[PDB]
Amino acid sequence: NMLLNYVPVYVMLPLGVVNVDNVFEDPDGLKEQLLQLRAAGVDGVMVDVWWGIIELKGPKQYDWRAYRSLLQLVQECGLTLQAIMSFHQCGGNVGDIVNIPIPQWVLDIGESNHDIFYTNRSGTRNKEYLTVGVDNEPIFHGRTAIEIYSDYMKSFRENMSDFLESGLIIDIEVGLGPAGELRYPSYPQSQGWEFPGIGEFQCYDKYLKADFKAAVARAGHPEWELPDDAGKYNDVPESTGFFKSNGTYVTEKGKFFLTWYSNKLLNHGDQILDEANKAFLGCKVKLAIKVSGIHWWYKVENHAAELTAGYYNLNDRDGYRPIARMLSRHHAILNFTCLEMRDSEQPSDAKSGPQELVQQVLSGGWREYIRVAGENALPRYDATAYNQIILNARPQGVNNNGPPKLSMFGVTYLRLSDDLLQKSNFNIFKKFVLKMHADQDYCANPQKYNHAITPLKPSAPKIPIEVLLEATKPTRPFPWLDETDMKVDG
């Protein structure tokens, strides 16, 4: 059945649908847009549930009223919802329309303790997220950063119990860093970074610094300090001592740091997902995390941009599969991006390989037997962009006798706007939805498109770090079609 080949499509809602003052501003306007998506056959929508909005009044003071109205509207429109536990800052750059900083009460704590933020070598503080360093430090009026995330998700599960029960919420994406992604804020625009800069390591806050010192000490190397030759945000790998050919990154010291640096993220995600599984135990939703798509420099041995972001990915070390294996014990989805990108669309000076990146990540996920979903990295309304997504949605195309050989769990389109609803753009979008649906009409029952909706089971047994890292063993990605068999056009 073409239904077994049907891949659900979701649309991210406009930023600030619920404003900084925790008010659901334009219900009438959103409902209008939502009715069109519904009519177009869209399966559901995705929304950021801003920590900076919900717990703004004070520690553990949660106001869910406005979001409940949002979810109520979405439900009445007949759409499902992917809720992001957004424990990070929205906006923050000049020009950004919607700015939603993390809770002011958390920031006030930062004023007297700057080390709660990711810090670069020069000492600049990034206030969009709390460093992994304080994940387990009870410095937030008694709670650790994780307890904060945990109480938040438990409160959400309690206050949205009706929505979770009626099946309105299909999955919970857990924010794990800047832009809600499991990574370090290595390429901040606010600090001058510009594509395709290699970015900078963000492990200099005192907690991570002490962490590293204790780690190198165990290794019997007290003389090892955090990287001091990685250069700056906009450098190219070869202009730095750490990332250049035969640079520090290949030395025993370099490899030790990178492993330590990347491991922090794996445990960061593993520990926080432990709370999500506990918080959403029994709910008929799936958990998920967002992995950033660092495609620039993917084509050179140093994978500089990837290393500074926290993904220790090399030509011979799979830096993503360990994340997929980590997600497997939580029965979580690995939500990726760059599904719409083609290598030929990036400047050569960036050694960009989004296509290859997507293939590695998706293949790794499927290799770990986990669900893999994804998003388009940049705004696109053209058929070329949609065909690339559809290609990635079913790398080996439709299967005439059974579910597709390979298939993404779902695709979340960025982003719902007036531009998207314009006649011509929307016309193409609708074809994109039809193709994602394998030429089939919107299907309400997930059972028909091989999506088993069941109660979330507790986390599987802990997987030791060495077992997670065993997934770094290089493996050829699955073969991809050159062009999809379901183009929006012919």
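A residue's number is simply how far along the shown sequence it sits, counting from 1.
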{"item": "Mean C-alpha temperature factor, higher of 28-36 and 41-49", "value": "28-36"}
{"item": "Stretch exceeding the other in mean C-alpha B-factor - 481-489, 3-11", "value": "481-489"}
{"item": "Out of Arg380, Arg342, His295, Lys264, highest CA B-factor residue", "value": "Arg342"}
{"item": "Maximum C-alpha temperature factor, selected from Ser417, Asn159, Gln396, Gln104", "value": "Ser417"}
{"item": "Lowest, middle or highest third - CA B-factor, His88", "value": "lowest"}
{"item": "Assigned third (lowest, middle, highest) for the C-alpha B factor of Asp235", "value": "highest"}
{"item": "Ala66, C-alpha B-factor rank within chain (lowest, middle or highest third)", "value": "middle"}
{"item": "Where the record places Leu314 (Cα B-factor, split into thirds across the chain)", "value": "highest"}
{"item": "Chain thirds of CA B-factor: placement of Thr475", "value": "highest"}
